[PDB]
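1. piece number one of the complex, untouched:
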Amino acid sequence: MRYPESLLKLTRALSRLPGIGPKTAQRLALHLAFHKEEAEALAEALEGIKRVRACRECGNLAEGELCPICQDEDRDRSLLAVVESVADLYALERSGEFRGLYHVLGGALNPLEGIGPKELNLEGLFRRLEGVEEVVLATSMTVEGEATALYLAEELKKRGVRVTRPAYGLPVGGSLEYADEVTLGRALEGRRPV
């Protein structure tokens, strides 16, 4: 469709973003061209995020050295949560049921994609076990996240610390009829007294 170079340069850059097809790229590029003020603000914010980097301790996004979680003094440092990504950390933190610390991996273990202990931010985890009561293995509830969990569990039980896994089960407001048979089966097996 497009022909001006800076417009096409913008549309092409917008298309590199994940979950942004060429049709959305064009609509946004046109919009940015017709709203100079907004486009300048976005360029300012993009320059602004050059500073941001992985936290020295977590792997969580941080202004400068330490992330907001690590440099919070009101934090139960007896608790630690292993997590695959920053998006998952935010979800956990948004839940409100956790005031521990986090360790952010680079992803999950995956033999089929050659992803293993060296590729993940893993060796850093074992250096931070000082006065850590509990480690929550809060990896994804997938084949890959479960494989990661079992590996961390084996390695953590060796080094003398208890490990817990968040519950498989039904989601809140969920009907039994529309849940899958595996999730439903785990929910039954992990049923609790009341």
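-> In hand now; what should we look at? Residues are numbered from 1 along each chain as shown, chains lettered A, B, ... in the order given.
2. Which helix runs longest in chain A?
-> The longest helix of chain A (DSSP state H) is helix A:143-158.
3. May I see the buried residues of the helix or strand just after that helix?
-> Once helix A:143-158 ends, the next helix or strand along the chain (criterion: DSSP states H and E) is strand A:162-164. Residues of strand A:162-164 classed as buried under the neighbour-count rule (16 or more other CB atoms under 10 Å) are residue A:163. Where you see a C-beta, it was placed from the backbone N, CA and C, and this is true even at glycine.
4. so residue A:106 sits right up against residue A:118, yeah?
-> No - contact criterion CB atoms under 8 Å: residue A:106 and residue A:118 do not qualify, at 10.3 Å.
5. neighbour-wise, which of these two wins?
-> Remark: of residue A:106 and residue A:118, residue A:106 carries more neighbours, 13 against 7, as counted by other CB atoms under 10 Å.
6. Next, the more buried one: phi, psi?
-> Here is the backbone geometry of residue A:106 (degrees, to the nearest 10): phi -90, psi 10.
7. on that earlier part again, list the buried residues in the longest helix of chain A.
-> A:144-146, A:148-149, A:151-153, A:156.
8. include chain B too:
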Amino acid sequence: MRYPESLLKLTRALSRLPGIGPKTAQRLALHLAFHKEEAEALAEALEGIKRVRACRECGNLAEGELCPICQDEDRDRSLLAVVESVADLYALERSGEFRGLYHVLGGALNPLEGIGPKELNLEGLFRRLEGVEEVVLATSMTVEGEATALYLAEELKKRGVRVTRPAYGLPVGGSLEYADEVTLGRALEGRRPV
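-> If we add chain B to the chains shown above, we get the following:
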């Protein structure tokens, strides 16, 4: 969810974009933070589009003064296409069945939103009728675009030039069963010999 300032500043700027909710804003903001090279390229392209502006004659997006269409010498200047937006011009131009010139309005007539002749790039149209055989009223096929068409038709027939409207009808690969009754009714009324 988020707490670092430049990240939030980016996520907030990304949310100002049309058809971008806060969940997508966050995913993209995180992605840009973890891909410094790509983010710099987007900032470069955003700075790059400061130059872009409305064409002196069309209202179409242009590098500097004139749009690529207006400064193309192989252009049937006997033909002119009135259009509501640049997105529509590109669609028309992508169709391949038009080698005329374009006039880009700022939108369509809409009494309910106080949108009328002064608010649209309209007065500029009548200055460009020199050696113009045909004007294609290629506004949207809506209540607003039709109202715009009729107004331009009245005003153009006064100033001595024929006007045409693109066809209402069925789309290519379309079944009759799933088409709406109005579109189907127009397709029948505008049926052609073969």
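9. returning to that earlier point: and the longest helix of chain A, what does it pack against?
-> Identification of packing neighbours for helix A:143-158 by 3 or more CB pairs under 8 Å, 6 or more residues apart in numbering or on different chains; DSSP states H and E yields strand A:134-137, strand A:162-164.
10. let's see 10 Å
-> Judged by 3 or more CB pairs under 10 Å, 6 or more residues apart in numbering or on different chains; DSSP states H and E, the packing partners of helix A:143-158 are strand A:79-83, strand A:134-137, strand A:162-164.
11. Nearest approach to chain B belongs to which of those?
-> Of all these, strand A:79-83 sits nearest to chain B, with 13.4 Å by CB to the nearest CB.
12. Touching that closest one from outside, list them.
-> If you take CB atoms under 10 Å, 6 or more residues apart in numbering or on different chains as the criterion, strand A:79-83 is touched by A:58-60, A:69, A:88-93, A:98-105, A:122, A:125, A:128-129, A:132-140, A:145, A:148-149, A:152, A:156, A:161, A:163-164, A:166.
13. Geometric centre of chain A: which residue is closest?
-> Centroid-nearest residue in chain A, with CA atoms, centre = their mean: residue A:85, separated by 2.4 Å.
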